[PDB]
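These notes are about the structure you will find just below.
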Amino acid sequence: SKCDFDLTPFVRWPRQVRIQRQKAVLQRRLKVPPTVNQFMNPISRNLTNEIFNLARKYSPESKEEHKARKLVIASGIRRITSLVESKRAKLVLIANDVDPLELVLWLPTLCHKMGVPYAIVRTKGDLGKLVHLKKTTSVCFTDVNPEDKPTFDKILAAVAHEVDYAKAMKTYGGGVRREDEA
Amino acid sequence: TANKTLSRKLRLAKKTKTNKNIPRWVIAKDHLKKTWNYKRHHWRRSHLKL
Amino acid sequence: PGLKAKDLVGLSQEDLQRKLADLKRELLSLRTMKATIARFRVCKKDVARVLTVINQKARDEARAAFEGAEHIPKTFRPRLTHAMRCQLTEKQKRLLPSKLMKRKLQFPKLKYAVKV
Amino acid sequence: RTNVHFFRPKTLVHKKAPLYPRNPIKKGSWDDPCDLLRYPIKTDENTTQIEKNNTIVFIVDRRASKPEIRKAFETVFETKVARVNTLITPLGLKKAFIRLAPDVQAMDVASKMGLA
Amino acid sequence: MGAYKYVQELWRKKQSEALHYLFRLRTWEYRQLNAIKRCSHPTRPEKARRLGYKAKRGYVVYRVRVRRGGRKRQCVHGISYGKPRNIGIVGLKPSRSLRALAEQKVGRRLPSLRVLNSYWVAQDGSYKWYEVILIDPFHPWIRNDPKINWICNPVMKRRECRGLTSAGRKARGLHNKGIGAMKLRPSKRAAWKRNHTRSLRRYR
RNA sequence: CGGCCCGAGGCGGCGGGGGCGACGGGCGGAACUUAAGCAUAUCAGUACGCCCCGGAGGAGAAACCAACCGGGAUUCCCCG
Ligand SMILES: [K+]
Ligand SMILES: [K+]
Ligand SMILES: [K+]
Ligand SMILES: [K+]
Ligand SMILES: [K+]
Ligand SMILES: [K+]
Ligand SMILES: [K+]
Ligand SMILES: [K+]
Ligand SMILES: [K+]
Ligand SMILES: [K+]
Ligand SMILES: [K+]
Ligand SMILES: [K+]
Ligand SMILES: [K+]
Ligand SMILES: [K+]
Ligand SMILES: [K+]
Ligand SMILES: [K+]
Ligand SMILES: [K+]
Ligand SMILES: [Mg+2]
Ligand SMILES: [Mg+2]
Ligand SMILES: [Mg+2]
Ligand SMILES: [Mg+2]
Ligand SMILES: [Mg+2]
Ligand SMILES: [Mg+2]
Ligand SMILES: [Mg+2]
Ligand SMILES: [Mg+2]
Ligand SMILES: [Mg+2]
Ligand SMILES: [Mg+2]
């Protein structure tokens, strides 16, 4: 018992740890434009979980691919975008933490114009687990088998009530004071 | 000096050992007329910088 | 005179290690007699004949201990300069892209003669 | 938390494991008995050294220490050393003063060697 | 069409609110790091492919920070001697651009790699940041690939030291052809030596 | 508790470093001298200093020249 109180608040952390913590503070503090702010407000957890359950039944081959010496979801930004551009995507799922953010900043605008519903979902890492890759920016449903439209048509309804594009482009983010946040 | 490093002792030791005349049988063997080894040195007039 | 290198070929390692022990000891005797004569010349090079063979039998043994390994000791690697070890292979230098190749099979090389 | 400082976490450390040997053949060096000893120095001053004081004077390779000299002399001349003094002469050679055990006659040992 | 047509269009609006925010977060971060730093992946994937990057084993990316402004001569006490045309000390300009200086700094730090190309990522009042593409030329994926294994041949060592990259080419004047460029094509030194030669023929 | 992201220590295989009185590429860069003085000019985009290759190097398949009853990537030679 060297110290009677707790010393953790006063540790001098390594440089790499301090920079990523201060980066997270700077985005609560500054004034975030709406096109960037929309990636800070993903879909809720309940609706995300019950899309991930639908999606893992259109999941590609995992570990038969060494044993190979179906309707499936699509992955990747190059292929997704040409499907929205030809009106074949029925749902796009966009990740929330794409590090170069300009790869997808324009993509909700495109889906809106072309008439495709979309949803921002947390952690690109999770989407990669849906297609047996490490990470991915986006996935898309192109069609489903008939037993699943009693859920796909209902999931589109919950998406429509929850993702609002008009207020997405009008609201700024950030601007949080220290004493205010607590 | 009476207090010298082994590295300076060894280089001084080699100048002492090679400070010699041509052997006389070498003068007969190689048929020489120059008989003085002009790489010799003498302690009074030398400046070995070793 | 003295030992032939051919007549130690065929001798075992023990019969060569044991033969080297006497040669070393004999040069001690002959250096002691010198400082206190034709043989002493031949003995110095008998020692070199044997060590030549002990090393030549040991290199041929080890160079088969590694004959089929991926990584070989650097003493047993080919004899090349530093620049040669770093050059591209002729196959690597002759590789062409797929589209570029499929156009060289079209339009081959032809012999022809023109007239005045 | 007791200490206020952050130190590097403790992580596994491996031992080395080269895929090929860097020295596939074990070669000899300068040191071995009958090569470390060169010859004895024979003078009337040095003969007195043997008849009384039971001591033999030798020239040896400069890289040899007193413990290597004791062992070499004991294995080559099959006797018992007691104490070894050494110096490097103004010409660069190493001289060893080798005193035999109080129950050995260096006359008996110098004679068999030829020193007398 | 594909996605990189939108990304290129976006990067032509650097004054917009969106890119003004993202350019602000990047300069704060790069100010917290060292001058030469290895990156996991390119910060601009579409520009990286435009200049020749490929997501394969053997391609690497480093970020380089260089300082802004003009040049000061190395003269003790600020004294040039000699003729008055040669007296100036401050207010001079470097002969090579800052993009070329970035490539040369990282070539000196990493002399066992081959520099390929570079591009802009950020700037503020004191610094500009560039990213440099480098190839490891002894990797088997690099050597056995006809698209890139031109750089595995030894006339490609330390290219940025000899002025052979794109930014180094511009300072030598080589982005031009025709009138205004006739005295530089092999080299400035080579054209001078050719134009000033006395050729004394046998049947003069 | 796992994933992804951003880092740390170790281990294995492979590569780098230095060397040359020429030719070649990239930088920094004089003064003597001439002007019958001397500041711009000239000497000279030279001496010399630093870095980097090869058996050659550099350059190169037009954001070219032209003004014609037109030529057609680069280098080198003759010519003004
Ligand atoms: K002394
Ligand atoms: K003297
Ligand atoms: K800097
Ligand atoms: K002056
Ligand atoms: K002057
Ligand atoms: K002048
Ligand atoms: K140019
Ligand atoms: K011109
Ligand atoms: K003529
Ligand atoms: K100059
Ligand atoms: K001058
Ligand atoms: K001058
Ligand atoms: K003057
Ligand atoms: K003058
Ligand atoms: K003038
Ligand atoms: K002048
Ligand atoms: K001038
Ligand atoms: Mg070589
Ligand atoms: Mg040996
Ligand atoms: Mg002593
Ligand atoms: Mg290592
Ligand atoms: Mg002159
Ligand atoms: Mg004058
Ligand atoms: Mg005058
Ligand atoms: Mg004057
Ligand atoms: Mg001029
Ligand atoms: Mg070339």
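Hydrogens, waters and symmetry mates play no part in the numbers below; they use all other heavy atoms, side chains included. Labels below follow one simple rule: chain letters A, B, ... track the order of the sequence lines, proteins then strands, and each chain is numbered from 1.
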Residues which pass salt bridge (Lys or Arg N to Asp or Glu O under 4.0 Å) with E/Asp124, listed by chain and number, not counting sequence neighbours:
E/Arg31
Do F/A66 and F/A67 pass the stacking test of six-membered ring centres within less than 5.5 angstrom and planes tilted under 30 degrees?
yes
With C1'-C2'-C3'-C4' as the criterion (positive north, negative south), name the sugar pucker of F/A63.
north
F/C77 on F/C76: ring centroids within less than 5.5 Å and planes tilted under 30°
yes
Just call it for A/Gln20: base, sugar-phosphate, or nothing, with non-hydrogen atoms closer than 4.0 Å on any strand.
nothing
Tell me, please, which residues at least two apart from E/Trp192 pass ring-ring contact (aromatic ring centres under 6.0 Å, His included).
E/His196
Proximity to RNA chain F (any heavy atom under 4.0 Å), residues of residues 64-76 of chain E only
E/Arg71, E/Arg73
Heavy atoms only, 4.0 Å cut-off, all strands: where does A/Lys23 land among base, sugar-phosphate and nothing?
nothing
Give me each pair satisfying side-chain hydrogen bond (donor to acceptor under 3.5 Å, both in side chains) with a member in residues 69-85 of chain C, each pair once, sequence neighbours excluded.
none
Report yes if some heavy atom in the side chain of A/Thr136 is under 4.5 Å from a heavy atom in the side chain of A/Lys124; otherwise report no.
no
Just call it for E/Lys188: base, sugar-phosphate, or nothing, with non-hydrogen atoms closer than 4.0 Å on any strand.
base
Check the surroundings of atom CD in C/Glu67: do more than 12 heavy atoms from other residues, nucleotides or ligands lie under 6.0 Å from it?
no
Specify the residue among E/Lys177 and E/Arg201 whose closest nucleotide of RNA chain F lies further upstream toward the 5′ end.
E/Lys177
Could you give the start and end, 5' to 3', of the contact zone on RNA chain F for chain E, using atoms under 4.0 Å from its heavy atoms?
F/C6 to F/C79
Under 4.0 angstrom, heavy atoms only, what part of the nucleic acid is E/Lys83 near: base, sugar-phosphate, or nothing?
base
Given a 3.5 Å cut-off on both pairing distances, which stems involving RNA chain F, each at least three consecutive Watson-Crick or G-U pairs, are present, if any?
F:24-28 with F:48-52
Specify the closest pair of heavy atoms between C/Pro73 and D/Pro24, including all atoms of both residues, with the distance to one decimal.
CB-CG, 4.1 Å
Is it true that A/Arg45 and A/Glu50 have a side-chain N and a carboxylate O under 4.0 angstrom from each other?
no
Would you indicate what D/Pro18 reaches in the nucleic acid, counting non-hydrogen atoms under 4.0 angstrom: base, sugar-phosphate, or nothing?
sugar-phosphate
Using a heavy-atom cut-off of 4.0 Å across all strands, would you classify E/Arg159 as base, sugar-phosphate, or nothing?
nothing
Residue pairs passing the salt bridge (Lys or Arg N to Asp or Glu O under 4.0 Å) test where at least one lies in residues 105-120 of chain E, sequence neighbours excluded
none
Which residues pass the side-chain hydrogen bond (donor to acceptor under 3.5 Å, both in side chains) test with E/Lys56, sequence neighbours left out?
E/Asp145
Sequence neighbours left out, what pairs pass ring-ring contact (aromatic ring centres under 6.0 Å, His included) with at least one residue falling in residues 73-104 of chain E?
none
With RNA chain F as reference, determine whether E/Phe138 or E/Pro84 sits nearer its 5' end, using the nearest nucleotide of each.
E/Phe138
Expected label for F/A36 (glycosidic angle, syn inside 90° of 0, else anti) would be syn
Residue set satisfying side-chain hydrogen bond (donor to acceptor under 3.5 Å, both in side chains) with E/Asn34, at least two apart, ordered chain then number -> A/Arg15
Report which part of the nucleic acid A/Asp126 touches: base, sugar-phosphate, or nothing (heavy-atom distance under 4.0 Å, all strands).
nothing
Sequence-distant partners of E/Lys177, side-chain hydrogen bond (donor to acceptor under 3.5 Å, both in side chains), two or more places apart
none
Short of 4.0 Å, heavy atom to strand atom, which residues of residues 91-115 of chain E count as contacting RNA chain F?
E/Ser95, E/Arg96, E/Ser112
Intrastrand stacking F/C38, F/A39, 5.5 Å centres and 30° planes
no
Syn-anti status, with the boundary at 90° from 0, for the nucleotide F/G37
anti
Six-ring stacking criterion satisfied by F/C69 and F/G70 (under 5.5 Å, under 30°)
no
Give a yes or no on this: more than 12 heavy atoms of other residues, nucleotides or ligands lie within 6.0 Å of atom NZ of E/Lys170.
no
Looking at E/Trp141, does the NZ or CZ of E/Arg57 lie under 6.0 angstrom from its six-membered ring centre and within 45 degrees of the ring axis?
yes
Per the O4'-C1'-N9-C4 / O4'-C1'-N1-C2 angle with a 90° window around 0, F/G17 comes out syn
Looking at F/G7 next to F/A8 in the strand, do their six-membered base rings stack, centres under 5.5 Å and planes under 30°?
yes
Is the NZ or CZ atom of E/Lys14 positioned over E/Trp120's six-membered ring, under 6.0 angstrom from the centre and within 45° of the axis?
yes
